[PDB]
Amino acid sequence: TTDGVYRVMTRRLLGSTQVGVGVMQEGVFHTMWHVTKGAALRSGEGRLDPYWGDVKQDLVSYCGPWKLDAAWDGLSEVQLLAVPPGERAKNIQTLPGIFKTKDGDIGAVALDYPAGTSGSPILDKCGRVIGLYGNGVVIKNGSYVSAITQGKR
């Protein structure tokens, strides 16, 4: 339950499936709303209950309010710390593009990983989490582009 990146798993009567990823920071677990839909999370022996969420931002926090507040500088390369199902964590560096919306520009990464990678953290060069991966769009040729989704602290 210490700081770090975690897989979000589900199991019924047989094996387990990875449905997402999240970040533990300052005693709060951060992931994307579509990963858990607000369901409680087991962490070893304990139960983590959702504390805050927002379906439109596609974010959820457990144990306390959203803690991640680093922002993409709009200029520099970033790293996705991808935690794909069945694979160990790995870093991919990229220069974001931009989702241009009526309410402003959002950094966006043209990186394509399985659905259960949703919630993987995107990092600045200091290792701070500037957002989570996995809410995005496909373009005409089918390629996937994810927003750099960050909440408010």
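Quick note: we count residues from 1 along the sequence shown, nothing fancier.
- Across the two stretches, 5 to 13 and 127 to 135, the PDB entry reports the greater mean Cα temperature factor for 5 to 13.
- Here 59 to 67 and 112 to 120 are compared by their mean Cα B-factor, and 59 to 67 comes out higher.
- In the deposited entry, the Cα temperature factor of residue 78 sits in the middle third of values across the chain's modelled residues.
- Ranked by C-alpha B-factor against the other modelled residues of its chain, residue 30 falls in the lowest third.
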